[PDB]
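Engineer: these chains are from a complex, not moved at all, and more is on the way:
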Amino acid sequence: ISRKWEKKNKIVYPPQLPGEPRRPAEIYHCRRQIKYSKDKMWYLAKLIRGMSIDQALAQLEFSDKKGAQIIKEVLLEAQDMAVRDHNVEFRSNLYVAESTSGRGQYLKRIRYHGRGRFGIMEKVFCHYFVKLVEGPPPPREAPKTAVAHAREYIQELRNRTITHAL
Amino acid sequence: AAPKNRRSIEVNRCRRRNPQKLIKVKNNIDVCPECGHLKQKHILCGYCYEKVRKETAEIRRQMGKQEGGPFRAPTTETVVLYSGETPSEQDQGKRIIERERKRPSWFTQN
Amino acid sequence: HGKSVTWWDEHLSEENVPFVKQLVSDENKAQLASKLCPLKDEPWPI
């Protein structure tokens, strides 16, 4: 197996020089061997990507999925860790920077079919990884406007060269 | 029918990452002005409803302990009073349940 | 800015809902009665 999301939380940075902007705190947390499915957990992980922690908890409280409670507990433990261990005041000043889900070790069973046939049934397990960064959530990217489209097209036209001409 | 070829990860992602399959965000979430917990604008508050449900379960437990039988239902109205309360002139003649707990702030005397 | 969904009855009070209803009703009645005589205000050439 591999356990690096946990050790990602033990790196220490050198002290900051007077004048350098304050580095935002990054908190890595994870839950291993969840009975939920990998893709069904990826859906809930994608739901709460880039959102504030309070908004993510508000969405997960009313999500009807089973992994919603697991992700909510993981987010709450990550907030508690960020407040206690790391020097992070304003416990509501965290946003979900990274939120993905990986697979775990499966359990192989037999699924009977009929006429003496069977199938390989896989009891699936998943991991949920989350990363909380101190600060306001980054603004959502807006779709490209017509002015930007026209600018990019004009620049593409201006970048042309006479090919195989020299 | 059997599949003719293996579907690639590209088409698989295009299928199961379409916004039709993504979880939609809910915009009807608000806070409860009483306890501060989260609730939907069209649904009762879970915390307050749990409080009321626990109080109702206790009241029903006591009112069922009062009636030693399964088919013994009162033919008159019922009134629940808490510690330090007395039945009024309008509440007399009804069945009386007495709770040792003090009257909650949300339960109105009426 | 996560703006929430709103309708016309969310922020109204127990006393302003009937007032709003009757106000819109009287406005609609007046507007429908104003157009009852179309041939005397400014009709187009027949």
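Structural biologist: In hand now; what should we look at? Residues are numbered from 1 along each chain as shown, chains lettered A, B, ... in the order given.

Engineer: Contact partners for the residue of chain C found nearest chain A?
Structural biologist: Nearest residue of chain C to chain A (CB to the nearest CB) works out as residue C:2 at 6.8 Å. All C-beta spots, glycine's among them, are computed from the backbone N, C-alpha and C. Residues near residue C:2 by CB atoms under 8 Å, 6 or more residues apart in numbering or on different chains: A:55, B:27.

Engineer: cool, residue B:30 as well?
Structural biologist: With CB under 8 Å, 6+ apart, residue B:30 has these contacts: B:38-41, C:4.

Engineer: go again using 10 Å as the cut-off
Structural biologist: Residue B:30 makes contact with A:58, B:38-41, B:45, C:4, C:10, according to CB atoms under 10 Å, 6 or more residues apart in numbering or on different chains.

Engineer: all helices in chain B, in order from the N-terminus.
Structural biologist: With DSSP state H as the criterion, chain B has helices at B:9-16, B:46-66.

Engineer: got a list of contacts for the first one?
Structural biologist: Looking back up the chat, that one is helix B:9-16. A:39, A:42-43, B:6-8, B:21-22.

Engineer: quick revisit: for the contacts of residue B:30, give me TSV that also has neighbour count and distance to residue A:74.
Structural biologist: Shown next, in TSV, are those (neighbours: other CB atoms under 10 Å in any protein chain shown; distance: CB to CB, whole Å):
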residue	neighbour count	distance to residue A:74
A:58	21	16
B:38	18	18
B:39	22	23
B:40	14	23
B:41	13	28
B:45	20	25
C:4	11	26
C:10	10	34
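
Engineer: Take the residues you listed and keep only those in strands.
Structural biologist: B:38-40 (DSSP state E).

Engineer: And these, which is closest to chain C?
Structural biologist: residue B:40 (10.9 Å).

Engineer: give me the number of residues near the nearest residue to residue B:37 once chain neighbours are set aside?
Structural biologist: Excluding the flanking residues, the one nearest residue B:37 by CB to CB, 6 or more residues apart in numbering or on different chains is residue B:47, at 4.5 Å. Using other CB atoms under 10 Å in any protein chain shown, residue B:47 is surrounded by 15 other residues.

Engineer: these two touch, right, residue B:47 and residue B:106?
Structural biologist: No: with contact defined as CB atoms under 10 Å, residue B:47 does not count as touching residue B:106 (11.6 Å).

Engineer: Give me the common contacts of these two.
Structural biologist: Joint contacts of residue B:47 and residue B:106 (CB under 10 Å, 6+ apart) are residue B:34.

Engineer: Append chain D to the structure above:
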Amino acid sequence: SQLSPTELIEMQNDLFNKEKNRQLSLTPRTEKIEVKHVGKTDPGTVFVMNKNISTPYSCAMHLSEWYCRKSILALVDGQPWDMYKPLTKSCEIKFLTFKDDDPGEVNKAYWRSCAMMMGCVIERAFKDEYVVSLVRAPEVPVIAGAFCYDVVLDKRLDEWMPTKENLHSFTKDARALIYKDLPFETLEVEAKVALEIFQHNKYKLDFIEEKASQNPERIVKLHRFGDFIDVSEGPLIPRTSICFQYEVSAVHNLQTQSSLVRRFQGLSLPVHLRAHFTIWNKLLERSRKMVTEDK
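Structural biologist: With chain D now in place:
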């Protein structure tokens, strides 16, 4: 005096920042205050805050984002308190939103903030060759359909009144001002420094003197968002983006014995309490009328 409007705004902001730096340096050390939370939701909560640095907005940030989004005003144990005002001593805080049972204080604060924003729009939506002097913001109740602001224009401007196009341009400027998030900053200063802050508006000087005469310490409250500074009573809302709907309803010229004043009346509704289109039109038609409340 030979002073450009941009130079006047620059010097006003410079003296404001100097007074703010003096207020900050008045406290050399970092004292810890213990502020309780007497709200109905989470009682018994205690915040160990910094003296003259931490704010009720910082308390709300410690609590939850829902508090920062909903709570507009704060009640520090005896009186309303805006979110971006640093706390002074150990106290107890109660947060106040728009949908409270007695939201009168928040209504007054929102009315004052809307009046201040409208005055900021009017002061800068006019020609530089003309003189424009804001008198004050008449404290009208919320039952009145509009918030009013008193202006005095150049002498050669007393014959014309703004048309619907001009009112729409004022509304567009106010919406553009709302678009950019500008927090309302407060400052407890003295009349001595407020006089040199303004130094040009005789009406503003008279208002500052009248507000300082009723105070035994001669302390007046200045408010500033972006580059606009104004004197007003009571606290304000934390941000401008709280104002969702905003319209400049009308202007009314009142001619007195000494001079005439243009009362600009406008209407606004928050993001939390935005109304339907027809309701907004009815309220706007009511606000188009005259509002006369001074004492």
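
Engineer: ok chain D is loaded, check the contacts of residue C:2 again?
Structural biologist: A:51-52, A:55, A:58, B:25, B:27, B:29, D:69.

Engineer: Can you pick out the most distant pair from these?
Structural biologist: B:25 and D:69 (15.8 Å; CB to CB).

Engineer: Have a look at the two and say which one is more surrounded.
Structural biologist: Per other CB under 10 Å, whichever of residue B:25 and residue D:69 has more neighbours is residue D:69, with 17 against 13.

Engineer: residues contacting that one?
Structural biologist: A:54-55, B:31, C:1-2, D:60, D:97, D:271-272.

Engineer: distance between stretch B:20-28 and the chain's centre?
Structural biologist: Here stretch B:20-28 is found 25 Å from its chain centre; the criterion is CA atoms, centre = their mean, to the nearest Å.

Engineer: Can you check the distance spanned by that stretch, start to finish?
Structural biologist: End-to-end distance of stretch B:20-28 (CA to CA, to the nearest Å): 20 Å.

Engineer: Next: stretch A:2-20.
Structural biologist: Stretch A:2-20 end-to-end distance (CA to CA) = 35 Å.

Engineer: Just want the residue of chain D that's nearest chain A.
Structural biologist: Closest point on chain D to chain A, by CB to the nearest CB, is residue D:65, at 3.8 Å.

Engineer: Tell me, how many residues neighbour residue 38?
Structural biologist: You didn't pick a chain, so chain A it is. Neighbour tally, residue A:38, other CB under 10 Å: 17.

Engineer: hm, I was asking about chain D
Structural biologist: Considering only other CB under 10 Å, residue D:38 is surrounded by 16 other residues.

Engineer: Give me every residue in the stretch 151-295 of chain D lying close to chain C.
Structural biologist: With CB under 10 Å from any CB of the partner chain as the criterion, the stretch 151-295 of chain D comes near chain C at residues D:181, D:241, D:244, D:269-279, D:281-282.

Engineer: Of those residues, just say which sits nearest to chain C.
Structural biologist: Distances from chain C to those, taken by CB to the nearest CB, are shortest for residue D:276, at 4.3 Å.

Engineer: ok, for the closest one, nearest residue in space, not its chain neighbours?
Structural biologist: In space, residue D:276 is closest to residue C:8, 4.3 Å off (CB to CB, 6+ apart).

Engineer: looking at this, that neighbour is in a strand?
Structural biologist: No: Residue C:8 sits outside any strand when classified using DSSP: H, G, I helix; E, B strand; the rest coil, being coil.

Engineer: Could you measure from it over to residue D:277?
Structural biologist: 9 Å (CB to CB, to the nearest Å).

Engineer: slot chain E in:
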Amino acid sequence: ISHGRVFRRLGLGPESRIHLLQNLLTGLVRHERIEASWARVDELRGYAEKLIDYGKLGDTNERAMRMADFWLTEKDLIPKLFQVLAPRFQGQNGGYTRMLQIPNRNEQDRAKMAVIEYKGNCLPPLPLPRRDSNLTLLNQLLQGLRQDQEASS
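Structural biologist: With chain E now in place:
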């Protein structure tokens, strides 16, 4: 095509749906407040209103008596229906029940759940959704409009 259908299919058929609604009505008459699925409670509300009307029809009415005998499975609730529920619903016309959607069931099915309650019961009042006060900004503006309209007449 289910145009103009008013009853939803429940249980193992029409008779099973009738029996389910009958059990729910018996429980509602007994406890004055129950909680079930949203669809079953929405189907039961009309039967509860009609049962209160049949109870208001009187004790000596043989039709109402046999209707109560059929519906109320526990036979100790018929005197209750005729001497507690019907007498206390006299000035009212159709406002006998109150149905409110409660959060989804905490079980794995996550069923949409409602709570039905006979008005005027001896139970803690549910957290009913109260409208905003007249002291709100918008409500005060509408009050000013109303006062102007009153003064204009």
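
Engineer: quick recheck of the neighbour count of residue B:47 now chain E is there?
Structural biologist: Counted with other CB under 10 Å, residue B:47 comes out at 16.

Engineer: quick one: contacts for it?
Structural biologist: Here residue B:47 is in contact with B:32, B:34-39, E:127 (CB under 10 Å, 6+ apart).

Engineer: Need the residue closest to the centroid of chain B.
Structural biologist: residue B:49 (3.3 Å; CA atoms, centre = their mean).

Engineer: Secondary structure of residue D:148: a strand, I assume?
Structural biologist: Yes: judged by three-state DSSP, residue D:148 forms part of a strand.

Engineer: shouldn't it be in contact with residue D:122?
Structural biologist: No: contact status for residue D:148 versus residue D:122: not in contact, 11.6 Å apart, counting by CB under 10 Å.

Engineer: so what sits against both of these two?
Structural biologist: In contact with both residue D:148 and residue D:122: D:251, D:264, D:266, using CB under 10 Å, 6+ apart.

Engineer: next structured bit after the helix or strand hosting residue D:18?
Structural biologist: Using DSSP states H and E, residue D:18 sits in helix D:5-26. Once helix D:5-26 ends, the next helix or strand along the chain (criterion: DSSP H and E) is strand D:32-37.

Engineer: List the contacts of residue D:140.
Structural biologist: Counting by CB under 10 Å, 6+ apart, residue D:140 has contacts D:111, D:115, D:146-148, D:263, D:265, D:291-294.

Engineer: Correct me if wrong, but it is in a helix.
Structural biologist: No: according to three-state DSSP, residue D:140 belongs to no helix; its state is coil.

Engineer: list the contacts for the closest residue to it other than its chain neighbours?
Structural biologist: Nearest non-adjacent residue to residue D:140, counting by CB to CB, 6+ apart: residue D:293, 4.5 Å away. Counting by CB under 10 Å, 6+ apart, residue D:293 makes contact with D:138-141, D:143-144, D:148.

Engineer: does residue 65 sit in a helix, a strand or a coil?
Structural biologist: I'll assume chain A. coil.

Engineer: sorry, should have said chain E
Structural biologist: helix.

Engineer: before we move on, the earlier item: quick one: buried ones out of the contacts of residue B:47?
Structural biologist: Listed as buried from the contacts of residue B:47 are B:32, B:34-36, B:38-39, E:127; burial here means 16 or more other CB atoms under 10 Å in any protein chain shown.

Engineer: Could you list which of these belong to strands?
Structural biologist: Those of the buried ones among the contacts of residue B:47 lying in strands (DSSP E): B:38-39.
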